[PDB]
Amino acid sequence: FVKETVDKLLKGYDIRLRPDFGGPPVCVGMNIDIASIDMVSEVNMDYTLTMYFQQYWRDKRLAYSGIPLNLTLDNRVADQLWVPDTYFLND
Amino acid sequence: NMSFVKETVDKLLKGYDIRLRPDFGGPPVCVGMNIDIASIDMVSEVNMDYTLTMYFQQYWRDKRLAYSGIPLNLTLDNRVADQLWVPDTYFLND
Ligand SMILES: *[C@@H]1O[C@H](CO)[C@@H](O)[C@H](O)[C@H]1NC(C)=O
Ligand SMILES: *[C@@H]1O[C@H](CO)[C@@H](O)[C@H](O)[C@H]1NC(C)=O
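In order, the protein sequences belong to chains A and B.
Here the deposited numbering is used: the first residue of the first sequence is 11, the next is one more, and so on.
Here the deposited numbering is used: the first residue of the second sequence is 8, the next is one more, and so on.
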């Protein structure tokens, strides 16, 4: 049952378009869990940081009504989804 | 509007040959350069180089990518570049 509901989600899904493409902006929620700062260089004036960087947003194209629980899919789904173009300005 | 737009984009890329520049046989493509320097991170007298970080923006016109219907500028996922023609700009002295 579930393979089909997922397959239909991704049938015709255009990764080129954000959620609400023409519409209002997408509220993206950031959530960071710092693992470590590994190094701080006065010589190069940088530091090296390790984190878990979590993002929450809402793509109505990925709604499923039938199932009553949260679906963890293989990481390789990202390649066939739209994700925000978040980068770190000063890296 | 989302379904309408996927089609207009799909038609743009229907039959689009990335091997051909704009105006393939015709006049040259005016490419506009625009640089926003972020930082120079390092300057080496020993290796006689320097390390530079920039935003490198390019503007050109590909008539194959015109759309009349839609009333805004279309920001698409970065992955579209792989299925577009882009100028072969490099840095001679890097
Ligand atoms: C499913 O996600 C919701 C929304 O974040 C959350 O409240 C809930 O705890 C999740 N389900 C389980 C089994 O934890
Ligand atoms: C689209 O870009 C042009 C610049 O070529 C600008 O004048 C115009 O206002 C932009 N459209 C929107 C919706 O802002």
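The beta-carbon is built from N, C-alpha and C at its ideal position, and this holds for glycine as well.
Check	Outcome
When you get a sec, list the residues whose CB is within less than 6 Å of any heavy atom of ligand 2, chain order please.	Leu79/B and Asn80/B
For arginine 26/A, which of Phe98/A, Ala88/A, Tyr97/A and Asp43/A has the nearest alpha-carbon?	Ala88/A
In angstroms, rounded to a whole number, what distance separates the CA positions of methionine 40/B and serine 51/B?	27 Å
From the beta carbon of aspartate 56/B, is the nearest beta carbon of chain A less than 8 Å away?	no
Using a Cβ-Cβ distance under 8 Å, would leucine 27/A count as near chain B?	yes
Is DSSP giving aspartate 56/A helix, strand or coil here?	strand
So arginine 71/A packs on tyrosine 23/A, CB below 8 Å; how close in whole Å?	6 Å
For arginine 86/B, is the classification buried or exposed, using 16 other Cβ atoms within 10 angstroms of its Cβ as the cut-off for buried?	exposed
Taking the alpha-carbon positions, what's the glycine 32/A to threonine 15/B distance?	13 Å
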